[PDB]
Amino acid sequence: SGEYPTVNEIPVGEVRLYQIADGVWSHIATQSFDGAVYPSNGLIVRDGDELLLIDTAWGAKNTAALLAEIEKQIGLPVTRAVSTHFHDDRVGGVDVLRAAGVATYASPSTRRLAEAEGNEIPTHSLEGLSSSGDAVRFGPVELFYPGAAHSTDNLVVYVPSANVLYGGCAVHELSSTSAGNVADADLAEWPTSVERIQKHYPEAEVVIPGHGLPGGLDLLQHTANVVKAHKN
Ligand SMILES: C[C@@H](c1cccc2c(-c3c[nH]c(=O)c(F)c3)c(C(=O)O)[nH]c12)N1C[C@]2(C[C@@H](CN)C2)OC1=O
Ligand SMILES: [Zn+2]
Ligand SMILES: [Zn+2]
């Protein structure tokens, strides 16, 4: 009923959208992994009379449900998708997207890692993102590579029309007491990568984490704090 959704308010097998700003939504879905249930976020950005999707809904069936929810709530076609790193919460569902006619994109680093790991593989490579601090435009967003953090390939996404910063899994929600799943992380570099984000997007008004509730710029400092303390 207007609050940011959570696992407790998304019916089983479902996806919910949340309006962030004019022409900007997050998508929220839930998935099981190693016997626990987790929410995860993605982004939808209006691109004229089309939509740009950022990240899958963490699985084939969740991603089909995402497309159906988008058709219900927005009614514009998803023409392109970008996955912000190689984990299943970002690429699981790329096969569904591609069979629905969505053109799927990721960095070459993400594509290589996804292939090696046995995850679904976006079709198209995003060049120009291989060095930390790199940025490229992609429709209504800017894609930024901050350096290694949650993963070595993680991208962030900025929507300049709305000053919305989608941090993906390199950014954690304010209630987070832990640095999440750090299996593929670089804890030593992560605070330096967050500092790059802070420096590049000082006018961000909304910050959206890869899992959990959006907030403001404080998510970035909080993330740095939690990662340093986890490593400590
Ligand atoms: C798919 C993704 C994943 C699975 C389950 C939970 C999480 C969390 C998370 C946890 N706990 C939180 O409290 C939180 F808010 C977020 C995150 C995140 O933190 O982004 N990602 C998760 N995978 C799996 C795996 C690839 C590696 C096997 N080779 C292990 O790593 C990875 O991230
Ligand atoms: Zn991940
Ligand atoms: Zn994640």
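Every residue, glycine as well, gets a Cβ built from its backbone with ideal geometry; the counts of neighbours run over all protein chains shown. Here, each number is a calculation from the coordinates, and none is a lab measurement.
Please work out which residue is surrounded by the fewest Cβ atoms within 10 Å (Cβ to Cβ), limiting yourself to the range 26-62 and to residues that are closer than 16 Å to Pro77 by Cβ and touching a helix residue (DSSP H, G or I) at 6+ places or on another chain (Cβ under 8 Å).
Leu51
Can you pull out every residue in the range 158-180 that is within 15 Å of ligand 2 (Cβ to nearest atom) and crowded, with 17+ Cβ neighbours inside 10 Å?
Within the range 158-180, the subset within 15 Å of ligand 2 (Cβ to nearest atom) is 166-173, 176, 178-180.
Correct list: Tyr166, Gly167, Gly168, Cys169, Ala170, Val171, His172, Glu173, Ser176, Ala179, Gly180.
Anything in the range 184-221 that is in a loop (DSSP other than H, G, I, E, B), within 11 Å of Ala149 (Cβ to Cβ) and within 14 Å of ligand 1 (Cβ to nearest atom)? List them, or say none. Even if it seems obvious, please write down each step before you answer.
Filtering the range 184-221 down to residues in a loop (DSSP other than H, G, I, E, B) leaves 184-189, 201-205, 210-214, 216-217.
Next, only the ones that are within 11 Å of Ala149 (Cβ to Cβ) stay: 184-189, 210.
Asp184, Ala185, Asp186, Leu187, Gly210 - these are the residues of the range 184-221 that are in a loop (DSSP other than H, G, I, E, B), within 11 Å of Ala149 (Cβ to Cβ) and within 14 Å of ligand 1 (Cβ to nearest atom).
Select from the range 151-170 the residues that are in a loop (DSSP other than H, G, I, E, B) and more than 10 Å from ligand 3 (Cβ to nearest atom) and write down the one among them that is nearest to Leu53 (Cα to Cα).
Of the range 151-170, the ones in a loop (DSSP other than H, G, I, E, B) are 151-155, 160-163, 169-170.
Narrowing the set further to residues that are more than 10 Å from ligand 3 (Cβ to nearest atom) leaves 152-153, 155, 160-163.
Working: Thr152: 22, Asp153: 18, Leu155: 14, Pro160: 16, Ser161: 16, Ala162: 16, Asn163: 17 Å.
Step by step, filter the range 151-170, then rank; the result is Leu155.
Please enumerate the residues belonging to the range 199-224 that are without any contact (Cβ under 8 Å) to a residue 60 or more places away in the chain and crowded, with 16+ Cβ neighbours inside 10 Å.
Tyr201, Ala204, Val207, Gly215, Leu217, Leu219, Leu220, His222, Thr223, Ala224
What do you reckon, is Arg111 of a type in the set (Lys, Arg), over 18 Å from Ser40 (Cβ atoms), touching a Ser or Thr at 6+ places or on another chain (Cβ under 8 Å) and buried (at least 16 other Cβ atoms within 10 Å of the Cβ)? Before the answer, list the steps.
On the way: of a type in the set (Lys, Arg): yes; over 18 Å from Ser40 (Cβ atoms): yes; touching a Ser or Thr at 6+ places or on another chain (Cβ under 8 Å): yes; buried (at least 16 other Cβ atoms within 10 Å of the Cβ): yes.
So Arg111 fits the description; yes.
Quick one: is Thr192 within 16 Å of ligand 3 (Cβ to nearest atom), without any contact (Cβ under 8 Å) to a residue 60 or more places away in the chain and under 30 Å from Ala229 (Cβ atoms)? It would help to see each step written out before you state the result.
On the way: within 16 Å of ligand 3 (Cβ to nearest atom): no; without any contact (Cβ under 8 Å) to a residue 60 or more places away in the chain: yes; under 30 Å from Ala229 (Cβ atoms): yes.
No, not satisfied.
Could you look through the range 125-183, keep only residues that are under 16 Å from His87 (Cα atoms), of a type in the set (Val, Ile, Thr) and touching a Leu at 6+ places or on another chain (Cβ under 9 Å), and pick out the one that is nearest to ligand 1 (Cβ to nearest atom)?
Among them, the one singled out is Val171.
What are the pairs with Cβ atoms under 9 angstrom where one residue, in the range 129-154, is free of Cβ contacts under 8 Å to residues at least 40 places away in the same chain and the other, located anywhere, is away from ligand 3 (no atom under 16 Å from the Cβ) and acidic (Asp, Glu)? Sequence gap at least six, or different chains.
Final answer for the pair search is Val136/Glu127; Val136/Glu142; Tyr145/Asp134.
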